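As structure tokens, one chain now follows by itself in the form deposited in one PDB entry.
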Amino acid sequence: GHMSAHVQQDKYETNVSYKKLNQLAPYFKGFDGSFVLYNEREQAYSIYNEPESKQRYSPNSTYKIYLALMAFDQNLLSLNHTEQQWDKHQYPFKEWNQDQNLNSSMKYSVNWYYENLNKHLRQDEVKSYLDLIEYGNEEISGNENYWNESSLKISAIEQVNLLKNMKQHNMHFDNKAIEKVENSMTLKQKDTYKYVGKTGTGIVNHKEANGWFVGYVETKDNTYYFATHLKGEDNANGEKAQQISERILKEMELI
């Protein structure tokens, strides 16, 4: 068999049409970055950096969205049962050093909460889910934490497709599971919009080398799904990805 199979698995192949967003380049100074927007009503993609929008990268903590949905679907989590007790292990982030529910664990990106979830899910069940939802390369061979700078990788465009599929009820997850998960990542809720999203950060060679912020803005007549990805030697993290996203979104007058 050919190595090329593996190279081709590292990229999402689509020839979807898109509006070019090359004027967004200044926002990504210092990074190889990408921004993907999908306008639900107009059924239209807009993209800055198409090549980077199709490169698959470890999802890191953005994977927690689907890990939670999987857990609801397996009845590991339920609508009134999202609490996990802290094992008394001291982490460098104090918010991690306490009992959690779905809301706090997503807000504070509490790794151990989601590791526990993955621990209780059958590896072959997870593989089945990743096949169903078409999660990037679907590669969980890597470690035990296959979603953290490991085997599993996904592109910005796919990140956007998955959020859209989730919201348009194209996934087989219960609507109330989706509502719980959306609430856990709801950043802002006003009369005129709901703003939802999740950061991710990956460390490679002791540096912040992989940053994500993915989510959507739901208005009174439309939904705008987005993914921002940053690749850099250092300073490529979720917070910077979110900052950039919010500048772009404000500029587009969505938030």
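All residue numbers refer to positions in the sequence shown, first residue = 1.
Stretch with the higher entry mean CA B-factor, where the candidates are 185 to 193 and 41 to 49: Taking the mean B-factor of the alpha carbons in each, 185 to 193 is higher.
Please compare 7 to 15 with 20 to 28 and name the stretch with the higher mean C-alpha B-factor in the deposited structure. In the deposited entry, the stretch with the higher C-alpha B-factor mean is 7 to 15.
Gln74 CA temperature factor, ranked by third within the chain: It falls in the middle third of the chain.
Third of chain Cα B-factors occupied by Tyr114: Tercile = lowest for this residue's CA B-factor.
Among modelled residues of the same chain, the CA temperature factor third for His81: Highest third, going by the recorded CA B-factors of the chain.
Taking the chain's C-alpha temperature factors as the reference, tell me which third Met171 falls into: lowest, middle or highest. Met171: CA B-factor falls in the highest third of its chain.
Looking at the C-alpha B-factor of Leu130, is it in the lowest, middle or highest third of its chain? According to the entry, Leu130 has a C-alpha B-factor in the chain's lowest third.
Not pictured, yet referred to below: the form solved in complex with a partner chain.
Of the residues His81, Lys127, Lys107, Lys164, which one places a heavy atom within 4.5 Å of the partner chain in the deposited bound form? After the contact test, the surviving option is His81.
Given that the partner chain is left out here, which of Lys119, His172, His89, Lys94 has a heavy atom within 4.5 Å of it in the deposited bound form? By the 4.5 Å criterion, the partner-contacting residue is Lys119.
Residue contact check: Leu76 to the partner chain in the deposited bound form, 4.5 Å heavy atom: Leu76 belongs to the contact set for the partner chain.
The partner chain in the deposited bound form: contacting segment from 119 to 127, 154 to 162, 174 to 182, 141 to 149, heavy atom within 4.5 Å: Of the stretches listed, the one contacting the partner is 119 to 127.
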